[PDB]
Amino acid sequence: XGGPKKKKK
Amino acid sequence: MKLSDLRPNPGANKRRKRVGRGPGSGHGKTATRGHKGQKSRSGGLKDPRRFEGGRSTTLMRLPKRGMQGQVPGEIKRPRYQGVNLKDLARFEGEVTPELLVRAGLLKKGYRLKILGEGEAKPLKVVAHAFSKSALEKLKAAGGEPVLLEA
Amino acid sequence: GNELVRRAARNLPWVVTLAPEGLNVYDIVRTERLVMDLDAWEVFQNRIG
Amino acid sequence: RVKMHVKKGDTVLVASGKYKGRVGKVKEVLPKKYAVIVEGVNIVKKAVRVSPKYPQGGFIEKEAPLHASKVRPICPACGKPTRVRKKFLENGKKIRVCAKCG
Amino acid sequence: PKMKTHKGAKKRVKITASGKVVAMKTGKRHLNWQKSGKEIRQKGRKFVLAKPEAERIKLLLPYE
RNA sequence: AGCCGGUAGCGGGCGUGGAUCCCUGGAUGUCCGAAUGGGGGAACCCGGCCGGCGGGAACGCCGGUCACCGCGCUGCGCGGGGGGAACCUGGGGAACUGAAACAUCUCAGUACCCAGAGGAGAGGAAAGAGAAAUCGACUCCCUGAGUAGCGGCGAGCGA
RNA sequence: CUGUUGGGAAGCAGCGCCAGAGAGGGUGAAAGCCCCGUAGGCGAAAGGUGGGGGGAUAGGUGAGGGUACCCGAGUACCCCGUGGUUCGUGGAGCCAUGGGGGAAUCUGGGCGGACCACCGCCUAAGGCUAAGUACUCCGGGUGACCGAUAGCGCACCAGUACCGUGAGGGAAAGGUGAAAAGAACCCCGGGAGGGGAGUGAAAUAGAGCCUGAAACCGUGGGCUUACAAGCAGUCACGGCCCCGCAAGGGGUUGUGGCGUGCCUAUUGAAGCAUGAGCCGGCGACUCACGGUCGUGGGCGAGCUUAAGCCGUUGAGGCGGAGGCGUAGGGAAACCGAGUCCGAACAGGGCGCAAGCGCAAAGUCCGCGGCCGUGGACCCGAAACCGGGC
RNA sequence: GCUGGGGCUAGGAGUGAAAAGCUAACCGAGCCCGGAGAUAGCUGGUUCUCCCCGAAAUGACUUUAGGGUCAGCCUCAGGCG
RNA sequence: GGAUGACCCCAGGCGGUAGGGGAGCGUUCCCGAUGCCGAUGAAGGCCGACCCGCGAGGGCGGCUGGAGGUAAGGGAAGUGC
RNA sequence: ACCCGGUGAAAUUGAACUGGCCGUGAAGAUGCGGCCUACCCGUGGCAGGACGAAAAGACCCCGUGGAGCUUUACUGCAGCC
Ligand SMILES: [Mg+2]
Ligand SMILES: [Mg+2]
Ligand SMILES: [Mg+2]
Ligand SMILES: [Mg+2]
Ligand SMILES: [Mg+2]
Ligand SMILES: [Mg+2]
Ligand SMILES: [Mg+2]
Ligand SMILES: [Mg+2]
Ligand SMILES: [Mg+2]
Ligand SMILES: [Mg+2]
Ligand SMILES: [Mg+2]
Ligand SMILES: [Mg+2]
Ligand SMILES: [Mg+2]
Ligand SMILES: [Mg+2]
Ligand SMILES: [Mg+2]
Ligand SMILES: [Mg+2]
Ligand SMILES: [Mg+2]
Ligand SMILES: [Mg+2]
Ligand SMILES: [Mg+2]
Ligand SMILES: [Mg+2]
Ligand SMILES: [Mg+2]
Ligand SMILES: [Mg+2]
Ligand SMILES: [Mg+2]
Ligand SMILES: [Mg+2]
Ligand SMILES: [Mg+2]
Ligand SMILES: [Mg+2]
Ligand SMILES: [Mg+2]
Ligand SMILES: [Mg+2]
Ligand SMILES: [Mg+2]
Ligand SMILES: [Mg+2]
Ligand SMILES: [Mg+2]
Ligand SMILES: [Mg+2]
Ligand SMILES: [Mg+2]
Ligand SMILES: [Mg+2]
Ligand SMILES: [Mg+2]
Ligand SMILES: [Mg+2]
Ligand SMILES: [Mg+2]
Ligand SMILES: [Mg+2]
Ligand SMILES: [Mg+2]
Ligand SMILES: [Mg+2]
Ligand SMILES: [Mg+2]
Ligand SMILES: [Mg+2]
Ligand SMILES: [Mg+2]
Ligand SMILES: [Mg+2]
Ligand SMILES: [Mg+2]
Ligand SMILES: [Mg+2]
Ligand SMILES: [Mg+2]
Ligand SMILES: [Mg+2]
Ligand SMILES: [Mg+2]
Ligand SMILES: [Mg+2]
Ligand SMILES: [Mg+2]
Ligand SMILES: [Mg+2]
Ligand SMILES: [Mg+2]
Ligand SMILES: [Mg+2]
Ligand SMILES: [Mg+2]
Ligand SMILES: [Mg+2]
Ligand SMILES: [Mg+2]
Ligand SMILES: [Mg+2]
Ligand SMILES: [Mg+2]
Ligand SMILES: [Mg+2]
Ligand SMILES: [Mg+2]
Ligand SMILES: [Mg+2]
Ligand SMILES: [Mg+2]
Ligand SMILES: [Mg+2]
Ligand SMILES: [Mg+2]
Ligand SMILES: [Mg+2]
Ligand SMILES: [Mg+2]
Ligand SMILES: [Mg+2]
Ligand SMILES: [Mg+2]
Ligand SMILES: [Mg+2]
Ligand SMILES: [Mg+2]
């Protein structure tokens, strides 16, 4: 996983 | 007596220390630290004999006791220790320094000044210095040479 | 302090042996009977003083 | 290097165990396991080996090892401890009464 | 290891025979332009109260 | 007096003309590795010179020898490379942190890098201490002493 | 040694015996005398060590007078820039040094904290030097050290398996029995695995083996339940089942009454705030040195030792350098039962003023509370820096 | 233009037809080890039993405001009573 | 009441968080042990409607287990989830 | 998808014997009060609810927390003069 996605929705 | 006979009398078996163990020992959970914050945390508080919370401490008083010395430091001067006639009213020999300290009244590196209150035993009292008042008191019974030798 | 003697009571379970300069309260209490020669009693007496 | 007080040639008393009192010649010494076989302990070793050499054969006898501290050497009397007496050459072992073995 | 004497305290305070703490008075420094003579003369030594117990704790070893 | 390691088995041997096993010394010791004939992606590849081996010139194998630096002799001899758990000396040398912020300060000549020495290293025969007509190389322990002092005279550092 | 109970004796019992040896370990269980040992003693041809003893060699040791030859050079010294020392530019010395200038050979030179004088201590610019000290890869001894989630990461073929390009990260996993005596053979089954037989004292000691805890999953029995409302319990009666001559007691639950889980966090939680699937193990108020009170003692105008020294089947003594206390005031000089401020013999601030042989100021240990410095109650960052990959 | 093989440049540095993209599946400063048990005035947790007492959420100051120092309120010992 | 405690009276007090104080109970280990307990059964395990204790717990009994355990009195902690 | 034979997970989970309304309660109740309704147990489905799950809220504020960036913020250093 490690994210890395930014908090979008 | 035996070993199963020994033991310390009361107050010394106080060995019981404290705790952070169960409920109804007191001393449980919060471990007598209260719920709290800084003081309850691991490190504790700043030095509380000194720290006053951010306002200027009582380091607001001032140095008067001036001359704190300079880099080379303490000057080696002579220093005299007082004894009282009363204290040396013990023995009845010729009372000298070294002889005085070798008895528990002087400390090694101190020149002898007899002085003070007490009754003057009729005796010779070899001394480095005398008080105006003790010089007179004992001059009515005995001799009292002054020192200085190499 | 009698070496040959101290040598001969040693292995007995009921005997603990000791030179005079060893004298100590634990070993005193440990045992029921104290047995010391007319020496030792000397140096014991010199201790207390 | 593994001492032991009895030898292949010796005769021994079984001093303890379920063969106490038994006398026999020791036939085997295995110092590594610290053990002697005599004529003493022999057990129903179920020779499984049906098919191979020696067919059917439910079981086998054979004498099984004993802890060497349970045997004792003996000569013109009973078992006695070994004392070695040096000669002018080698040293014989001998009992606490005379001169065991030769 | 050994505790250390707070030098800031040793230089400006004193422990009396009884165990009081004595220091000077604040205010005689500095702005005397015209504080009254009463004011500037009024500055000799005083004794701090229960709170010099803290000082005394920082001069363990000085003693008396 | 048993033995052929852990390890029995198959299958074979040795030992009371003293074995196994233990200690000392000696022998052999492929190849890599400071690796050192030269290469190289360590344990592989290719050689020079001398002697030997096979019919042995072309081939291959065996034994010897051939790196570089420093010092001393006029090519020869002596030494050096690399490693080692910690400890040691020197050449370099932080920051978190402490200061309830932070820059002098602290952490701290600490961690760490590097070079070198060893069974220790360093230090060590006074251009020294010091106020005692005084001590007598150096090193280590205890005191002296949280003292003398140092310090945004702060936190603290510290003979 | 014998007998005795036991599968097994060493236990127990009966007479003995050793001991400079009754440390320990092993033997089917609990052994001074069965085994290995222990006390006390002996031993190397060879290699290593040799600081202990002896011997040899190198090497070195005298006085007076006269000469003024020599006595460590870009050095001393001075300045600028810095480091070291407790010394942070401070009145800043000394000791080192990068830069600039740049001597002298005893009537010469450095230092004693700027500087000068005086009085003294030393003799720089060359080098070597054991011992006492640090350390523990290695060998040995001991333990109010661990006992397989502990103790080193590893008691077991572990820096392995495995993870990662790499540096690097890094596990889990010990025990049948005294002895394999490890279960021939028959029977079901393809086997696996069972049932007999047999070994063994013990076979739920049978080898995915000592003891076999809990969660969890089964089978059997007792009670109970399909008009019933539930923090699950509790209190009453009641029926059924089982114990106990009896009285009584256990299990279960029909009906009635009552009833807002645990923890943390909070003004306030059943809370629709936090954490917890359940069980078992690991898991958090320490220790060292100082300090301040208290307390148990020892000695008391005294108390006490530190390093170290000697002696020790875990035996303790010596050692008084020193520390704390008997005097206090004052920045200090100094004075002193007082001193300081002050002209003051005004004043005031700090100070001094002995309990009736017992006891006590004070000290030295033991113990306890709390503080100080240390990772100082445990867990956890976002990050910073160093050297490597 | 795409692509194989052989090479070089890296942590305050590379490389970047520029997004702070990419630099071993997480880059507004890589990874590993070390300083290190960094610091955390913050959060969570802090285990056996019984007995007596039993608060505070105030004031003053604070780069202080969810933290602290002194006072207040609690407890214990000793003394006065 | 003088029994000098933990004996019989009489009188009162006893909700309780943070907390202060006082008593104890268990766990590991040392002295007590060259001792004592232990095969006619140690520690540990599984049951109890029994005894003692206010309680933490300590006893007794049976089954399991197969080789260790450790009094009174004290000492020391890696001491109770 | 569903039924049968075969193999067989997961996140989650205080415990559960887990109904509606009107109220009450830390202000949005299956669990408290009153009433109403409801025999015991599943399978296929729908998602209103369990303030459902998953990630110690990214927004916001706080901490004398941390970084990246900026400049005529401070103080330094490279570089240059
Ligand atoms: Mg409380
Ligand atoms: Mg609290
Ligand atoms: Mg809490
Ligand atoms: Mg803190
Ligand atoms: Mg204070
Ligand atoms: Mg302020
Ligand atoms: Mg103040
Ligand atoms: Mg004895
Ligand atoms: Mg002034
Ligand atoms: Mg004036
Ligand atoms: Mg002092
Ligand atoms: Mg090569
Ligand atoms: Mg910083
Ligand atoms: Mg800071
Ligand atoms: Mg040397
Ligand atoms: Mg420093
Ligand atoms: Mg011996
Ligand atoms: Mg010279
Ligand atoms: Mg400096
Ligand atoms: Mg000079
Ligand atoms: Mg000098
Ligand atoms: Mg001078
Ligand atoms: Mg000198
Ligand atoms: Mg243990
Ligand atoms: Mg276990
Ligand atoms: Mg382990
Ligand atoms: Mg491990
Ligand atoms: Mg079978
Ligand atoms: Mg069994
Ligand atoms: Mg067993
Ligand atoms: Mg089992
Ligand atoms: Mg019904
Ligand atoms: Mg009910
Ligand atoms: Mg809240
Ligand atoms: Mg709230
Ligand atoms: Mg909840
Ligand atoms: Mg709920
Ligand atoms: Mg929530
Ligand atoms: Mg919250
Ligand atoms: Mg949850
Ligand atoms: Mg504590
Ligand atoms: Mg204390
Ligand atoms: Mg005390
Ligand atoms: Mg006066
Ligand atoms: Mg620290
Ligand atoms: Mg602490
Ligand atoms: Mg860049
Ligand atoms: Mg990677
Ligand atoms: Mg990437
Ligand atoms: Mg970076
Ligand atoms: Mg960064
Ligand atoms: Mg650090
Ligand atoms: Mg941490
Ligand atoms: Mg704070
Ligand atoms: Mg009350
Ligand atoms: Mg709060
Ligand atoms: Mg009070
Ligand atoms: Mg009172
Ligand atoms: Mg109460
Ligand atoms: Mg035990
Ligand atoms: Mg613990
Ligand atoms: Mg199916
Ligand atoms: Mg229901
Ligand atoms: Mg509602
Ligand atoms: Mg309810
Ligand atoms: Mg309802
Ligand atoms: Mg739904
Ligand atoms: Mg949710
Ligand atoms: Mg949050
Ligand atoms: Mg701020
Ligand atoms: Mg920070």
# chains A, B, ... in the order shown; residues from 1 in each chain; ligands from 1
>>> residues_near_ligand(ligand="ligand 71", cutoff="8 Å", atoms="only C-alpha atoms (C1' of nucleotides) and all ligand atoms", output="PDB file with C-alpha atoms (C1' of nucleotides), in the first residue's frame")
ATOM      1  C1'   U H  39      12.835  15.209  22.198  1.00  0.00           C
ATOM      2  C1'   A H  40       7.147  14.781  22.860  1.00  0.00           C
TER       3        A H  40
ATOM      4  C1'   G J  65       6.163  20.192  17.407  1.00  0.00           C
ATOM      5  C1'   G J  66       8.737  19.460  12.037  1.00  0.00           C
TER       6        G J  66
END
>>> residues_near_ligand(ligand="ligand 38", cutoff="12 Å", atoms="only C-alpha atoms (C1' of nucleotides) and all ligand atoms", output="list in words")
residues 271, 272, 273, 274 and 275 of chain G; 51, 56 and 57 of chain J
>>> residues_near_ligand(ligand="ligand 10", cutoff="12 Å", atoms="only C-alpha atoms (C1' of nucleotides) and all ligand atoms", output="list in words")
residues 28, 37, 38, 39, 40, 41, 42, 43 and 44 of chain E; 341 and 342 of chain G
>>> residues_around(residues="residue 32 in chain F", least_positions_apart="4", cutoff="10 Å", atoms="only C-alpha atoms (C1' of nucleotides)", output="number ranges by chain")
F: 42-44
>>> select_by_dssp(residues="range 30-137 of chain B", states="alpha helix (DSSP H)", output="list in words")
residues 132, 133, 134, 135, 136 and 137 of chain B
>>> write_last_selection(atoms="N, CA, C and O atoms", output="PDB file, in the first residue's frame")
ATOM      1  N   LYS B 132      41.294  40.344  72.560  1.00  0.00           N
ATOM      2  CA  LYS B 132      41.509  41.406  73.541  1.00  0.00           C
ATOM      3  C   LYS B 132      40.968  40.982  74.897  1.00  0.00           C
ATOM      4  O   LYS B 132      41.597  41.190  75.927  1.00  0.00           O
ATOM      5  N   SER B 133      39.808  40.346  74.864  1.00  0.00           N
ATOM      6  CA  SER B 133      39.085  39.946  76.059  1.00  0.00           C
ATOM      7  C   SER B 133      39.609  38.670  76.709  1.00  0.00           C
ATOM      8  O   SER B 133      39.553  38.532  77.921  1.00  0.00           O
ATOM      9  N   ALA B 134      40.104  37.732  75.914  1.00  0.00           N
ATOM     10  CA  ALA B 134      40.575  36.468  76.479  1.00  0.00           C
ATOM     11  C   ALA B 134      42.026  36.565  76.922  1.00  0.00           C
ATOM     12  O   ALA B 134      42.476  35.814  77.785  1.00  0.00           O
ATOM     13  N   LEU B 135      42.751  37.489  76.302  1.00  0.00           N
ATOM     14  CA  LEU B 135      44.113  37.815  76.697  1.00  0.00           C
ATOM     15  C   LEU B 135      44.083  38.284  78.149  1.00  0.00           C
ATOM     16  O   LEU B 135      44.875  37.838  78.971  1.00  0.00           O
ATOM     17  N   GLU B 136      43.141  39.166  78.460  1.00  0.00           N
ATOM     18  CA  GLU B 136      43.029  39.723  79.803  1.00  0.00           C
ATOM     19  C   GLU B 136      42.551  38.702  80.820  1.00  0.00           C
ATOM     20  O   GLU B 136      43.142  38.571  81.890  1.00  0.00           O
ATOM     21  N   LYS B 137      41.472  37.994  80.486  1.00  0.00           N
ATOM     22  CA  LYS B 137      40.893  36.975  81.370  1.00  0.00           C
ATOM     23  C   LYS B 137      41.905  35.951  81.893  1.00  0.00           C
ATOM     24  O   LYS B 137      41.854  35.554  83.062  1.00  0.00           O
TER      25      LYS B 137
END
>>> residues_near_ligand(ligand="ligand 5", cutoff="10 Å", atoms="only C-alpha atoms (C1' of nucleotides) and all ligand atoms", output="NGL selection string")
(:B and (47-53 or 57-58)) or (:E and (50-55 or 57)) or (:H and (69-70))
>>> write_last_selection(atoms="C-alpha atoms (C1' of nucleotides)", output="PDB file, in the first residue's frame")
ATOM      1  CA  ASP B  47      14.145  21.730  38.553  1.00  0.00           C
ATOM      2  CA  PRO B  48      11.347  22.854  40.890  1.00  0.00           C
ATOM      3  CA  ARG B  49      13.706  24.123  43.531  1.00  0.00           C
ATOM      4  CA  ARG B  50      14.572  26.767  40.981  1.00  0.00           C
ATOM      5  CA  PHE B  51      12.248  27.012  37.963  1.00  0.00           C
ATOM      6  CA  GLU B  52       9.325  29.404  38.308  1.00  0.00           C
ATOM      7  CA  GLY B  53       7.339  28.822  35.151  1.00  0.00           C
ATOM      8  CA  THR B  57      12.741  33.531  38.941  1.00  0.00           C
ATOM      9  CA  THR B  58      13.946  34.836  42.266  1.00  0.00           C
TER      10      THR B  58
ATOM     11  CA  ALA E  50       9.643  29.963  52.990  1.00  0.00           C
ATOM     12  CA  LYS E  51      10.915  29.929  49.426  1.00  0.00           C
ATOM     13  CA  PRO E  52      14.446  30.403  50.669  1.00  0.00           C
ATOM     14  CA  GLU E  53      13.946  26.761  51.527  1.00  0.00           C
ATOM     15  CA  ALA E  54      14.415  26.323  47.784  1.00  0.00           C
ATOM     16  CA  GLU E  55      17.691  28.283  47.934  1.00  0.00           C
ATOM     17  CA  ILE E  57      18.346  23.216  48.626  1.00  0.00           C
TER      18      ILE E  57
ATOM     19  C1'   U H  69       5.968  28.511  40.730  1.00  0.00           C
ATOM     20  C1'   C H  70       4.121  30.483  45.332  1.00  0.00           C
TER      21        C H  70
END
>>> residues_near_ligand(ligand="ligand 48", cutoff="10 Å", atoms="only C-alpha atoms (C1' of nucleotides) and all ligand atoms", output="VMD selection string")
(chain G and resid 164 to 166) or (chain H and resid 24 to 25 30 to 32)
>>> residues_near_ligand(ligand="ligand 33", cutoff="8 Å", atoms="only C-alpha atoms (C1' of nucleotides) and all ligand atoms", output="ChimeraX atom specification")
/G:234,256-258
>>> write_last_selection(atoms="N, CA and C atoms (P, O5', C5', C4', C3', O3' and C1' of nucleotides)", output="PDB file, in the first residue's frame")
ATOM      1  P     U G 234     -26.728 -14.540  39.756  1.00  0.00           P
ATOM      2  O5'   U G 234     -27.355 -13.837  41.037  1.00  0.00           O
ATOM      3  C5'   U G 234     -26.793 -12.638  41.542  1.00  0.00           C
ATOM      4  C4'   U G 234     -27.861 -11.671  41.978  1.00  0.00           C
ATOM      5  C3'   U G 234     -28.941 -12.244  42.875  1.00  0.00           C
ATOM      6  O3'   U G 234     -28.531 -12.364  44.224  1.00  0.00           O
ATOM      7  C1'   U G 234     -29.940 -10.941  41.177  1.00  0.00           C
ATOM      8  P     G G 256     -44.226 -13.248  35.040  1.00  0.00           P
ATOM      9  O5'   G G 256     -44.023 -12.774  36.543  1.00  0.00           O
ATOM     10  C5'   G G 256     -45.148 -12.483  37.354  1.00  0.00           C
ATOM     11  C4'   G G 256     -44.735 -12.095  38.746  1.00  0.00           C
ATOM     12  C3'   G G 256     -43.760 -10.936  38.850  1.00  0.00           C
ATOM     13  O3'   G G 256     -44.375  -9.669  38.701  1.00  0.00           O
ATOM     14  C1'   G G 256     -43.024 -12.688  40.230  1.00  0.00           C
ATOM     15  P     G G 257     -43.566  -8.464  38.013  1.00  0.00           P
ATOM     16  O5'   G G 257     -42.544  -8.009  39.146  1.00  0.00           O
ATOM     17  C5'   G G 257     -43.026  -7.498  40.378  1.00  0.00           C
ATOM     18  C4'   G G 257     -41.912  -7.261  41.367  1.00  0.00           C
ATOM     19  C3'   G G 257     -40.773  -6.373  40.896  1.00  0.00           C
ATOM     20  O3'   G G 257     -41.084  -4.994  40.976  1.00  0.00           O
ATOM     21  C1'   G G 257     -39.895  -8.294  41.960  1.00  0.00           C
ATOM     22  P     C G 258     -40.554  -3.983  39.847  1.00  0.00           P
ATOM     23  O5'   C G 258     -38.986  -3.905  40.112  1.00  0.00           O
ATOM     24  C5'   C G 258     -38.478  -3.374  41.327  1.00  0.00           C
ATOM     25  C4'   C G 258     -37.004  -3.656  41.484  1.00  0.00           C
ATOM     26  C3'   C G 258     -36.102  -3.165  40.363  1.00  0.00           C
ATOM     27  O3'   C G 258     -35.792  -1.785  40.461  1.00  0.00           O
ATOM     28  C1'   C G 258     -35.538  -5.392  40.908  1.00  0.00           C
TER      29        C G 258
END
>>> residues_near_ligand(ligand="ligand 4", cutoff="12 Å", atoms="only C-alpha atoms (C1' of nucleotides) and all ligand atoms", output="JSON, numbers by chain")
{"B": [37, 38, 39, 40, 41, 42, 43, 44, 45, 46, 47], "F": [97, 98, 100], "G": [375, 376], "H": [39, 40, 41, 42, 67]}
>>> residues_near_ligand(ligand="ligand 11", cutoff="8 Å", atoms="only C-alpha atoms (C1' of nucleotides) and all ligand atoms", output="MDAnalysis selection string")
(chainID E and resid 61:63) or (chainID F and resid 145 147) or (chainID G and resid 323)
>>> closest_residue(among="B:6, B:138, B:103, B:120", to="chain C", atoms="only C-alpha atoms")
B:6
>>> residues_near_ligand(ligand="ligand 58", cutoff="12 Å", atoms="only C-alpha atoms (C1' of nucleotides) and all ligand atoms", output="VMD selection string")
chain H and resid 75 to 81
>>> residues_near_ligand(ligand="ligand 44", cutoff="9 Å", atoms="only C-alpha atoms (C1' of nucleotides) and all ligand atoms", output="PDB file with N, CA, C and O atoms (P, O5', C5', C4', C3', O3' and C1' of nucleotides), in the first residue's frame")
ATOM      1  P     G G 338      30.344  39.700  73.794  1.00  0.00           P
ATOM      2  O5'   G G 338      31.637  39.910  72.889  1.00  0.00           O
ATOM      3  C5'   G G 338      31.607  40.768  71.760  1.00  0.00           C
ATOM      4  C4'   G G 338      31.557  39.983  70.474  1.00  0.00           C
ATOM      5  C3'   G G 338      31.545  40.808  69.198  1.00  0.00           C
ATOM      6  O3'   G G 338      32.841  41.206  68.797  1.00  0.00           O
ATOM      7  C1'   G G 338      29.817  39.212  69.104  1.00  0.00           C
ATOM      8  P     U G 339      33.119  42.717  68.329  1.00  0.00           P
ATOM      9  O5'   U G 339      32.709  42.718  66.793  1.00  0.00           O
ATOM     10  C5'   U G 339      33.208  41.729  65.905  1.00  0.00           C
ATOM     11  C4'   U G 339      32.270  41.520  64.747  1.00  0.00           C
ATOM     12  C3'   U G 339      31.891  42.774  63.977  1.00  0.00           C
ATOM     13  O3'   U G 339      32.855  43.106  62.995  1.00  0.00           O
ATOM     14  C1'   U G 339      29.941  41.527  64.483  1.00  0.00           C
ATOM     15  P     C G 340      33.049  44.627  62.522  1.00  0.00           P
ATOM     16  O5'   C G 340      31.773  44.907  61.614  1.00  0.00           O
ATOM     17  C5'   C G 340      31.538  44.140  60.444  1.00  0.00           C
ATOM     18  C4'   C G 340      30.165  44.400  59.885  1.00  0.00           C
ATOM     19  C3'   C G 340      29.782  45.859  59.723  1.00  0.00           C
ATOM     20  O3'   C G 340      30.349  46.453  58.572  1.00  0.00           O
ATOM     21  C1'   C G 340      27.991  44.676  60.711  1.00  0.00           C
ATOM     22  P     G G 348      16.262  48.870  68.795  1.00  0.00           P
ATOM     23  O5'   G G 348      16.340  47.922  67.520  1.00  0.00           O
ATOM     24  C5'   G G 348      15.568  48.214  66.366  1.00  0.00           C
ATOM     25  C4'   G G 348      16.333  47.952  65.093  1.00  0.00           C
ATOM     26  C3'   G G 348      16.769  46.522  64.849  1.00  0.00           C
ATOM     27  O3'   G G 348      15.722  45.673  64.418  1.00  0.00           O
ATOM     28  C1'   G G 348      18.560  47.963  64.364  1.00  0.00           C
ATOM     29  P     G G 349      15.794  44.105  64.760  1.00  0.00           P
ATOM     30  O5'   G G 349      16.703  43.514  63.596  1.00  0.00           O
ATOM     31  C5'   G G 349      16.455  43.857  62.240  1.00  0.00           C
ATOM     32  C4'   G G 349      17.511  43.288  61.331  1.00  0.00           C
ATOM     33  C3'   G G 349      17.972  41.882  61.671  1.00  0.00           C
ATOM     34  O3'   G G 349      17.084  40.891  61.186  1.00  0.00           O
ATOM     35  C1'   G G 349      19.857  43.257  61.275  1.00  0.00           C
ATOM     36  P     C G 350      17.018  39.452  61.896  1.00  0.00           P
ATOM     37  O5'   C G 350      17.980  38.556  61.002  1.00  0.00           O
ATOM     38  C5'   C G 350      18.664  37.444  61.555  1.00  0.00           C
ATOM     39  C4'   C G 350      20.108  37.420  61.126  1.00  0.00           C
ATOM     40  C3'   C G 350      21.031  36.586  61.998  1.00  0.00           C
ATOM     41  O3'   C G 350      21.000  35.211  61.670  1.00  0.00           O
ATOM     42  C1'   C G 350      21.989  38.711  61.676  1.00  0.00           C
ATOM     43  P     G G 351      20.286  34.165  62.655  1.00  0.00           P
ATOM     44  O5'   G G 351      20.572  34.753  64.101  1.00  0.00           O
ATOM     45  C5'   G G 351      21.241  33.973  65.076  1.00  0.00           C
ATOM     46  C4'   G G 351      22.708  34.308  65.137  1.00  0.00           C
ATOM     47  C3'   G G 351      23.392  33.972  66.451  1.00  0.00           C
ATOM     48  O3'   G G 351      23.801  32.621  66.510  1.00  0.00           O
ATOM     49  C1'   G G 351      23.915  36.190  65.852  1.00  0.00           C
TER      50        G G 351
END
>>> residues_around(residues="residue 14 in chain C", least_positions_apart="2", cutoff="8 Å", atoms="only C-alpha atoms (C1' of nucleotides)", output="JSON, numbers by chain")
{"C": [12, 16], "I": [34]}
>>> residues_around(residues="residue 145 in chain B", least_positions_apart="5", cutoff="12 Å", atoms="only C-alpha atoms (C1' of nucleotides)", output="MDAnalysis selection string")
chainID B and resid 94:97 112:114 123:130 135 138:139
>>> residues_near_ligand(ligand="ligand 30", cutoff="9 Å", atoms="only C-alpha atoms (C1' of nucleotides) and all ligand atoms", output="list in words")
residues 175, 177, 210 and 211 of chain G; 66 and 67 of chain I
>>> write_last_selection(atoms="C-alpha atoms (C1' of nucleotides)", output="PDB file, in the first residue's frame")
ATOM      1  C1'   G G 175      12.519 -33.019  27.184  1.00  0.00           C
ATOM      2  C1'   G G 177      11.968 -44.490  28.651  1.00  0.00           C
ATOM      3  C1'   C G 210       7.377 -35.686  30.514  1.00  0.00           C
ATOM      4  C1'   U G 211       3.816 -32.706  33.161  1.00  0.00           C
TER       5        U G 211
ATOM      6  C1'   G I  66       6.455 -38.942  38.585  1.00  0.00           C
ATOM      7  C1'   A I  67      11.342 -36.117  41.527  1.00  0.00           C
TER       8        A I  67
END
>>> residues_around(residues="range 19-25 of chain E", least_positions_apart="4", cutoff="8 Å", atoms="only C-alpha atoms (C1' of nucleotides)", output="list in words")
residues 61, 62 and 64 of chain B; 12, 13, 14, 15, 43, 44, 45, 46, 47, 48, 49, 52, 55 and 56 of chain E
